[PDB]
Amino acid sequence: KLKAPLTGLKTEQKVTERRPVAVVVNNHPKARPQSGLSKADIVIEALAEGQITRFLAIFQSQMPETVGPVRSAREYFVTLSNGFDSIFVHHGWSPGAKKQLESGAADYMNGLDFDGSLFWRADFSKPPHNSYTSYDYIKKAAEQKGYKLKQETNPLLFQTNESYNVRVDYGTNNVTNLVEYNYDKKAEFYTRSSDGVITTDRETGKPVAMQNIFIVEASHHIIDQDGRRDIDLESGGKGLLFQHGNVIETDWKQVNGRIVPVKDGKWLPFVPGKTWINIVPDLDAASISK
């Protein structure tokens, strides 16, 4: 029947009203492999702690069992979550993020408040990379805060040979953080790996697969005395779009809280399926390959 808003794939009527759930997911080496990333429609990676990146996994067409490890919230993540007015799930936060959310920026769930009940601690890992929750517990937390679980969200724009792969380097002089996306002509999708290991979902033991790689160049600026940096996600800018082994040079503008790829005065559509967005402070961090 109808299609899912964030994937463009057909689904059942009930999902059509399932409110998006955006979870901040730990991407520190010790947090891999994470749980539930294969069920996310959109996953956004961006620099968080030092040279370490962090994810915002947005679920809508598919809800995960357990998801995590959960990590601290950042302003740019609150902003990204809001592009879909999603229930914001996290654990801890930066000063800016705190005031933002305490100012009513979004319906949130802080691991701080449920650590011990709706949020649990994994025993095969140590803090603070052992913090998880589940869609079932997330619902229970919504039932207490009076958060609406059903709402319709405006869908993304989807469409109806060659083969280029891409790598993204976040690391610096001494620290390394390499992400690679390899297209599978046969499978007709991309595979991911970080620091040399293929990105899998601990919950399935299977590699995650997406149909769009969207590299976005956004200004990273320090706005803290400790050095914390923010990411200008409103000024628009340039980026790269990889789909079907193809590569497309593009720009991007923010349209209603969403980062929209636009080229020659028009929105570029996405291929139905999962999408992975990589925010980088320099489009130079990316490198394609045949």
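Throughout, we count residues from 1 along the sequence that is shown.
> For the step residue 174 to residue 175, what size class fits the number of deposited residues with no coordinates, none, 1 to 3, 4 to 9, or 10 or more?
None; the chain is continuous from residue 174 to residue 175.
> Per the record, averaged over C-alpha atoms, which has the higher B-factor: 67 to 75 or 215 to 223?
That would be 215 to 223.
> Identify the stretch, either 117 to 125 or 144 to 152, whose C-alpha atoms have the larger mean B-factor according to the entry.
Averaging CA B-factors over each stretch, the winner is 144 to 152.
> Among 235, 53, 256, 34, which residue carries the highest C-alpha B-factor recorded in the PDB entry?
Highest C-alpha B-factor among the listed options: 235.
> According to the deposited entry, which of 87, 97, 138, 179 has the largest Cα B-factor?
If I rank 87, 97, 138, 179 by C-alpha B-factor, first place goes to 97.
> Within this chain's modelled residues, let me know which third the CA B factor of residue 247 belongs to: lowest, middle or highest.
Within its chain, residue 247 is a highest-third residue by C-alpha B-factor, going by the deposited values.
> Looking at the temperature factor on the CA atom of residue 186, which third of the chain's modelled residues does it land in?
Highest third of the chain for residue 186's C-alpha B-factor.
> Can you work out whether the C-alpha temperature factor of residue 41 puts it in the lowest, middle or highest third of the chain?
Answer is lowest: the recorded C-alpha B-factor places it there.
> Using the temperature factors of the C-alpha atoms in this entry, rank residue 91 within its chain: lowest, middle or highest third.
Answer is middle: the recorded C-alpha B-factor places it there.
> Tell me, lowest, middle or highest third: where does the Cα B factor of residue 279 rank within its chain?
It falls in the bottom third of the chain.
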